[PDB]
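A short worksheet on the structure shown next.
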Amino acid sequence: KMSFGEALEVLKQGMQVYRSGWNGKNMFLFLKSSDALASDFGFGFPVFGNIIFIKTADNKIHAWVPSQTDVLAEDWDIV
Amino acid sequence: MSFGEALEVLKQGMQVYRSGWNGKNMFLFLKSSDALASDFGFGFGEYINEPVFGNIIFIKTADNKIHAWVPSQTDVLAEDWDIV
Amino acid sequence: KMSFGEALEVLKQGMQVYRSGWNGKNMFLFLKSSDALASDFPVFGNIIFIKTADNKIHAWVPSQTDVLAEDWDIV
Amino acid sequence: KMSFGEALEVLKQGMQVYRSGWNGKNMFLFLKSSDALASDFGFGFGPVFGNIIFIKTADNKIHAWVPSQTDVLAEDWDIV
Ligand SMILES: Nc1ncnc2c1ncn2[C@@H]1O[C@@H]2COP(=O)(O)OP(=O)(O)OC[C@H]3O[C@@H](O[C@H]2[C@H]1O)[C@H](O)[C@@H]3O
Ligand SMILES: Nc1ncnc2c1ncn2[C@@H]1O[C@@H]2COP(=O)(O)OP(=O)(O)OC[C@H]3O[C@@H](O[C@H]2[C@H]1O)[C@H](O)[C@@H]3O
Ligand SMILES: [Mg+2]
C-alpha cells in the first residue's frame with residue numbers, strides 16, 4: 001500500500017501505477033512527457049504538456065482525471 | 001451558455017472557453033477516437049494491437065501548451081461558457 | 001439515456017444520478033450548497049458529492065468519459 | 001511543501017496550500033475532515049464522509065477542488 005505521493009513520484013519516473021480500490025480491473029496509469037507526445041500524436045493542429053493516461057477496463061486509452069478519492073487514497077501499487 | 005450547451009458545441013468540433021477562467025486565450029477542443037488514431041505512434045516497431053483511444057478533451061492553456069482537460073466542478077456548473 | 005447536461009440539471013433540482021456504464025455499483029451523485037461551511041471556523045458554490053461503491057461520501061471528480069456520456073440515469 | 005504529495009500532507013494537518021504557477025492570484029486549498037463535514041452538512045456521520053479538499057478561487061468563490069494533471073505533477077506548491 002503506497003500513498004498517492006509515493007505513487008506519484010514513481011509515475012514521474014516512468015512506472016505504471018494503480019489503486020486496488022478501483023472498481024474496474026486491470027487498469028493502470030502511465031505518464032507521457034511533452035517530448036514523447038510531440039512524436040506520438042501525429043494529428044496536426046505544437047507543444048504538449050505532460051499528460052497522464054489511464055488504460056481502462058475495456059483496454060482503451062483515456063486521459064486520467066485525478067479524483068479526490070484517488071489523490072487521498074493509500075492503496076496504490078506498481079504494476 | 002451552460003456547460004451542457006458548451007458540450008454540444010465541443011461535439012461539433014468547435015472550441016469553447018469560460019470567461020471566468022483566470023488564464024487568458026485558453027480554450028477546449030475535443031479529439032475523437034478515430035482522430036487520435038490518425039498517424040498515431042512513434043512510427044518505429046509494431047504494436048501487437050493498434051492502441052485504441054477514447055475521446056480526449058484537450059485544453060490549450062495560457063502558456064500556449066496542450067494539456068488534458070480535467071473537468072472541474074466550477075467548470076461543469078458554470079454558466080459563462082462561450083464559443084471561440 | 002440522459003446527457004451529462006441533463007444530469008446536471010437533475011442534480012441541481014435535488015435528485016440523484018448515476019451512469020449505467022460505471023464499473024462500480026450502488027453509487028450515485030447528489031448536490032448540495034457548500035454554504036454549510038459558513039457556520040464553521042465568500043460566495044459559496046454548489047458541490048457535487050459521490051456516494052461511492054464502498055459507502056463513502058467524497059467530492060466527485062468527473063472523468064472526460066463521464067461528461068461526454070449519454071448513459072446517465074436517475075435513482 | 002514543494003511536491004503535491006507534500007502539499008497533501010500539509011492539507012491533512014489543517015493548513016492551506018497554493019501553487020505559485022496558478023494563473024489566479026491569492027487562491028488556496030483547504031481540507032475539511034470527515035467529522036467537520038458531517039457536523040456541517042448534517043449527514044455522513046457513520047454512508048460516511050471522507051475528507052474533502054476545497055478551493056477558494058481568485059473571484060472569492062468556494063468550490064470543491066478538482067486537480068489538473070499539471071497541479072498533481074507540479075513542484076511549485078507552497079504554504080499560505
Ligand atoms: N472509461 C473511463 N474513461 C475515463 N476515465 C475512467 C474510465 N474508467 C475509469 N476511469 C477513471 O478511473 C477511476 C477509477 O476507476 P473505477 O473505480 O472503475 O470508476 P467507476 O466505478 O467506473 O466510477 C466512475 C468514477 O470513478 C472515478 O474515478 C475513475 C475514473 O476517473 C470518477 O470520478 C468516475 O466518475
Ligand atoms: N497549465 C495547465 N495545465 C492543465 N490544466 C490547466 C492549466 N491551466 C489551466 N488549466 C485548467 O483550466 C482551468 C481554468 O484555468 P484557470 O482559471 O486559469 O486555472 P488557475 O488559476 O491556473 O488554477 C486554479 C484551478 O483552476 C482549475 O481549473 C483550471 C485547470 O483545470 C483547476 O482546479 C486549478 O487547480
Ligand atoms: Mg509522430
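Every chain in the C-alpha cells takes a letter, A first, then B, and so on in the order presented; its residues are numbered from 1, and the ligands are numbered from 1 following the presented order.
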- [ ] Could you please select, counting only C-alpha atoms, the residues of chain B within 8 Å of chain A and state them as JSON, numbers by chain?
- [x] {"B": [35, 36, 38, 39, 40, 41, 42, 43, 51, 52, 53, 54, 55, 56, 64, 65, 66, 67, 68, 70, 71]}
TODO: Using only C-alpha atoms, find which residues of chain D lie within 7 Å of chain A and jot them down as a count of residues only.
DONE: 3
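Selecting strand (DSSP E or B) from the backbone DSSP output for chain C yields residues 2, 17, 18, 19, 28, 29, 30, 31, 32, 33, 43, 44, 46, 47, 48, 49, 50, 51, 56, 57, 58, 59, 72, 73 and 74 of chain C.
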- [ ] Please identify the residues whose atoms come within 8 Å of ligand 2, using only C-alpha atoms and all ligand atoms, and report them as a VMD selection string.
- [x] (chain A and resid 49) or (chain B and resid 18 20 to 24 26 59 61 to 63 65 to 72 74 to 75) or (chain D and resid 21 to 25 27 55 57 to 58 65 to 71)
Could you list, with a cut-off of 10 Å and counting only C-alpha atoms and all ligand atoms, the residues of chain C near ligand 1, each shown with its nearest atom pair and the distance in Å rounded to one decimal, rows sorted by chain and ascending number, as JSON lines?
{"residue": "C:18", "atom": "CA", "partner": "ligand 1", "partner_atom_place_in_ligand_line": "35 (O)", "distance": 8.8}
{"residue": "C:19", "atom": "CA", "partner": "ligand 1", "partner_atom_place_in_ligand_line": "24 (C)", "distance": 8.1}
{"residue": "C:20", "atom": "CA", "partner": "ligand 1", "partner_atom_place_in_ligand_line": "22 (O)", "distance": 9.2}
{"residue": "C:21", "atom": "CA", "partner": "ligand 1", "partner_atom_place_in_ligand_line": "22 (O)", "distance": 6.9}
{"residue": "C:22", "atom": "CA", "partner": "ligand 1", "partner_atom_place_in_ligand_line": "22 (O)", "distance": 3.6}
{"residue": "C:23", "atom": "CA", "partner": "ligand 1", "partner_atom_place_in_ligand_line": "22 (O)", "distance": 3.7}
{"residue": "C:24", "atom": "CA", "partner": "ligand 1", "partner_atom_place_in_ligand_line": "21 (O)", "distance": 3.6}
{"residue": "C:25", "atom": "CA", "partner": "ligand 1", "partner_atom_place_in_ligand_line": "21 (O)", "distance": 7.1}
{"residue": "C:26", "atom": "CA", "partner": "ligand 1", "partner_atom_place_in_ligand_line": "21 (O)", "distance": 9.7}
{"residue": "C:27", "atom": "CA", "partner": "ligand 1", "partner_atom_place_in_ligand_line": "23 (O)", "distance": 7.9}
{"residue": "C:28", "atom": "CA", "partner": "ligand 1", "partner_atom_place_in_ligand_line": "23 (O)", "distance": 9.3}
{"residue": "C:29", "atom": "CA", "partner": "ligand 1", "partner_atom_place_in_ligand_line": "35 (O)", "distance": 9.1}
{"residue": "C:49", "atom": "CA", "partner": "ligand 1", "partner_atom_place_in_ligand_line": "33 (O)", "distance": 9.8}
{"residue": "C:50", "atom": "CA", "partner": "ligand 1", "partner_atom_place_in_ligand_line": "33 (O)", "distance": 7.8}
{"residue": "C:52", "atom": "CA", "partner": "ligand 1", "partner_atom_place_in_ligand_line": "23 (O)", "distance": 8.1}
{"residue": "C:53", "atom": "CA", "partner": "ligand 1", "partner_atom_place_in_ligand_line": "21 (O)", "distance": 7.3}
{"residue": "C:58", "atom": "CA", "partner": "ligand 1", "partner_atom_place_in_ligand_line": "33 (O)", "distance": 9.5}
{"residue": "C:59", "atom": "CA", "partner": "ligand 1", "partner_atom_place_in_ligand_line": "33 (O)", "distance": 8.8}
{"residue": "C:60", "atom": "CA", "partner": "ligand 1", "partner_atom_place_in_ligand_line": "33 (O)", "distance": 5.5}
{"residue": "C:61", "atom": "CA", "partner": "ligand 1", "partner_atom_place_in_ligand_line": "33 (O)", "distance": 4.5}
{"residue": "C:62", "atom": "CA", "partner": "ligand 1", "partner_atom_place_in_ligand_line": "33 (O)", "distance": 4.9}
{"residue": "C:63", "atom": "CA", "partner": "ligand 1", "partner_atom_place_in_ligand_line": "31 (O)", "distance": 4.8}
{"residue": "C:64", "atom": "CA", "partner": "ligand 1", "partner_atom_place_in_ligand_line": "4 (C)", "distance": 5.7}
{"residue": "C:65", "atom": "CA", "partner": "ligand 1", "partner_atom_place_in_ligand_line": "3 (N)", "distance": 4.7}
{"residue": "C:66", "atom": "CA", "partner": "ligand 1", "partner_atom_place_in_ligand_line": "35 (O)", "distance": 6.0}
{"residue": "C:67", "atom": "CA", "partner": "ligand 1", "partner_atom_place_in_ligand_line": "35 (O)", "distance": 9.1}
{"residue": "C:68", "atom": "CA", "partner": "ligand 1", "partner_atom_place_in_ligand_line": "3 (N)", "distance": 9.9}
{"residue": "C:69", "atom": "CA", "partner": "ligand 1", "partner_atom_place_in_ligand_line": "3 (N)", "distance": 9.9}
Residues of the last selection are to be written out with N, CA, C and O atoms, as a short mmCIF file (atom, residue, chain, number, x, y, z; two decimals), in the first residue's frame.
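Saved to part12.cif:
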data_model
loop_
_atom_site.label_atom_id
_atom_site.label_comp_id
_atom_site.auth_asym_id
_atom_site.auth_seq_id
_atom_site.Cartn_x
_atom_site.Cartn_y
_atom_site.Cartn_z
N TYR C 18 -26.67 8.64 -11.76
CA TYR C 18 -25.54 7.74 -11.94
C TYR C 18 -25.43 7.39 -13.41
O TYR C 18 -26.35 7.64 -14.20
N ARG C 19 -24.29 6.82 -13.78
CA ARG C 19 -24.06 6.31 -15.12
C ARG C 19 -24.19 4.80 -15.12
O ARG C 19 -23.57 4.12 -14.29
N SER C 20 -25.00 4.27 -16.03
CA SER C 20 -25.13 2.82 -16.12
C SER C 20 -23.82 2.17 -16.57
O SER C 20 -23.61 0.98 -16.29
N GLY C 21 -22.95 2.92 -17.24
CA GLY C 21 -21.67 2.44 -17.70
C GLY C 21 -20.55 2.43 -16.68
O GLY C 21 -19.45 1.99 -17.00
N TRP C 22 -20.80 2.92 -15.46
CA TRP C 22 -19.79 2.87 -14.42
C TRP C 22 -19.44 1.42 -14.08
O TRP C 22 -20.26 0.51 -14.22
N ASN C 23 -18.21 1.20 -13.61
CA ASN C 23 -17.82 -0.13 -13.16
C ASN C 23 -18.46 -0.45 -11.81
O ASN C 23 -19.04 -1.53 -11.63
N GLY C 24 -18.37 0.47 -10.86
CA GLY C 24 -18.90 0.21 -9.53
C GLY C 24 -20.42 0.32 -9.49
O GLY C 24 -21.03 1.12 -10.19
N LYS C 25 -21.02 -0.51 -8.65
CA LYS C 25 -22.46 -0.49 -8.44
C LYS C 25 -22.80 0.24 -7.14
O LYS C 25 -21.94 0.52 -6.31
N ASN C 26 -24.09 0.54 -6.99
CA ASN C 26 -24.64 1.16 -5.79
C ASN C 26 -24.09 2.56 -5.55
O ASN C 26 -24.10 3.04 -4.41
N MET C 27 -23.60 3.23 -6.59
CA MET C 27 -23.08 4.58 -6.47
C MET C 27 -24.08 5.58 -7.04
O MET C 27 -24.93 5.25 -7.86
N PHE C 28 -23.95 6.83 -6.59
CA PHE C 28 -24.73 7.91 -7.18
C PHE C 28 -24.11 9.25 -6.82
O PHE C 28 -23.27 9.35 -5.91
N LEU C 29 -24.53 10.27 -7.54
CA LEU C 29 -24.15 11.64 -7.26
C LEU C 29 -25.33 12.39 -6.65
O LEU C 29 -26.49 12.10 -6.94
N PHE C 49 -21.33 15.68 -4.75
CA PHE C 49 -20.78 14.57 -4.00
C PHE C 49 -21.01 13.27 -4.76
O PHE C 49 -21.93 13.15 -5.57
N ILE C 50 -20.16 12.29 -4.48
CA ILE C 50 -20.39 10.92 -4.91
C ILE C 50 -20.49 10.03 -3.68
O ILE C 50 -19.65 10.11 -2.77
N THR C 52 -19.89 6.45 -2.86
CA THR C 52 -19.01 5.55 -3.59
C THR C 52 -19.42 4.10 -3.38
O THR C 52 -20.28 3.77 -2.55
N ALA C 53 -18.75 3.22 -4.13
CA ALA C 53 -19.07 1.80 -4.09
C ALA C 53 -18.78 1.18 -2.74
O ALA C 53 -19.30 0.11 -2.42
N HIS C 58 -17.57 11.45 -0.98
CA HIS C 58 -16.46 12.28 -1.41
C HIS C 58 -16.96 13.36 -2.35
O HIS C 58 -18.07 13.30 -2.87
N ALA C 59 -16.11 14.37 -2.58
CA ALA C 59 -16.36 15.32 -3.65
C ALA C 59 -16.07 14.64 -4.99
O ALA C 59 -15.01 14.05 -5.18
N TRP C 60 -17.02 14.73 -5.91
CA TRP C 60 -16.94 13.99 -7.16
C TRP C 60 -16.05 14.71 -8.16
O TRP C 60 -16.06 15.94 -8.26
N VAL C 61 -15.27 13.94 -8.90
CA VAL C 61 -14.44 14.47 -9.96
C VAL C 61 -14.85 13.78 -11.26
O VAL C 61 -14.71 12.56 -11.39
N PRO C 62 -15.38 14.52 -12.25
CA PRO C 62 -15.83 13.87 -13.49
C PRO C 62 -14.65 13.44 -14.34
O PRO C 62 -13.69 14.20 -14.53
N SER C 63 -14.71 12.21 -14.86
CA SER C 63 -13.80 11.87 -15.94
C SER C 63 -14.31 12.50 -17.23
O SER C 63 -15.45 12.96 -17.32
N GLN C 64 -13.45 12.51 -18.25
CA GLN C 64 -13.90 13.01 -19.54
C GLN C 64 -14.99 12.12 -20.12
O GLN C 64 -15.94 12.61 -20.73
N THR C 65 -14.89 10.81 -19.89
CA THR C 65 -15.94 9.90 -20.34
C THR C 65 -17.27 10.22 -19.67
O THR C 65 -18.32 10.22 -20.32
N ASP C 66 -17.24 10.54 -18.37
CA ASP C 66 -18.44 10.93 -17.64
C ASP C 66 -19.17 12.08 -18.33
O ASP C 66 -20.39 12.03 -18.51
N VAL C 67 -18.45 13.14 -18.70
CA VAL C 67 -19.13 14.33 -19.20
C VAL C 67 -19.56 14.20 -20.65
O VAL C 67 -20.47 14.92 -21.08
N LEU C 68 -18.95 13.30 -21.41
CA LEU C 68 -19.34 13.06 -22.79
C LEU C 68 -20.44 12.01 -22.93
O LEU C 68 -21.02 11.88 -24.01
N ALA C 69 -20.74 11.29 -21.85
CA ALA C 69 -21.56 10.09 -21.94
C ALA C 69 -23.05 10.41 -22.00
O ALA C 69 -23.52 11.44 -21.50
#
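Here is the contact set of chain C against chain D, at 6 Å and counting only C-alpha atoms: residues 36, 42, 43, 44, 45, 55, 56, 57 and 58 of chain C.
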TODO: Enter the distance from atom CA of residue D:73 to atom CA of residue D:28, in Å, rounded to one decimal.
DONE: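 Calculated distance between atom CA of residue D:73 and atom CA of residue D:28 is 17.1 Å.
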Task: Atomic separation - atom CA of residue A:79 relative to atom CA of residue D:9, Å - done: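 Here the two named atoms are 24.9 Å from each other.
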